[PDB]
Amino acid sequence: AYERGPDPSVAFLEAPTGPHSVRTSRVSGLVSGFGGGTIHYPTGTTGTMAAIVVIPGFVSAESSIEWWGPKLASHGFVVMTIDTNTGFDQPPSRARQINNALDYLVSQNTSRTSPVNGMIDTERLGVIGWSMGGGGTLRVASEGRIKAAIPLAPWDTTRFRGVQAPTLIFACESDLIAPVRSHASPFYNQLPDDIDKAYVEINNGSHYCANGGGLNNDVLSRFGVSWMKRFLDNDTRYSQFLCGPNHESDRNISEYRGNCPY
């Protein structure tokens, strides 16, 4: 119903972009409820598609996570990468600003002046976030609106036993800022049993290993594009990249956990 784009392959996922070229539109920093950002959207499509908000971490700008914007937009999503109100905002604040950003992006589907008018299926929303933004992602994933969540090297102080959207945590093995033993790994173990979930730990990864645009793009592409396809688009052509391969046998994946099949 919601399937878009070519039948996938590993090479297709791992290429620098998906099938579509990407246009961008600015959201002013004066927007209420968050710090502005960029809406990324594909050319050469018809009909509606899922929407995604991407949020950075402490003392970090939108550019820290921008890779995810064209990467996913080029695969048939409308993706808004954002700034927070201040660099110092903590995870509870970031969760609130994800919600405000989602509300804003949904409002664009019907705004007269918006380049993505009529292009968003507002029932189909995902969130991606790095570090504290990843804590914020896990918080919003506990609320029952969003349909997919990808925390990237998450940092938070709470626990996540109420997450209720399918959740893929990217962990960075060598992370000194949000060490996996205190953040990503506990967060995954806290996730309840009634969701589809996955833990992908990138081998020798710094805190920045899952932001995108580094040497780990093959794993981030295969897992992250497939996650949003599978869970936002209900697109089971992508199941094969998530459930089936022995993920740890990939030299760039140091640990994998999950509850396949989905």
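Residue numbers here begin at 1 and follow the sequence given.
- Here the stretch with the larger average CA B-factor, out of 113-121 and 169-177, is 113-121.
- Higher average CA B factor: 204-212, of the stretches 217-225 and 204-212.
- Between the residues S185, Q97, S74, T86, the entry's highest C-alpha temperature factor is the one at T86.
- Placement of the Cα temperature factor of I55 within the chain: lowest third of the modelled residues, per the deposited record.
- When the modelled residues of the chain are ordered by their C-alpha B factor, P70 lands in the middle third.
- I253 sits in the middle third of its chain by CA B factor, as recorded in the PDB entry.
- In the PDB entry, a CA B factor belonging to the middle third of its chain's modelled residues is recorded for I195.
- Looking at the C-alpha B-factors along this chain, the one for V22 belongs to the highest third.
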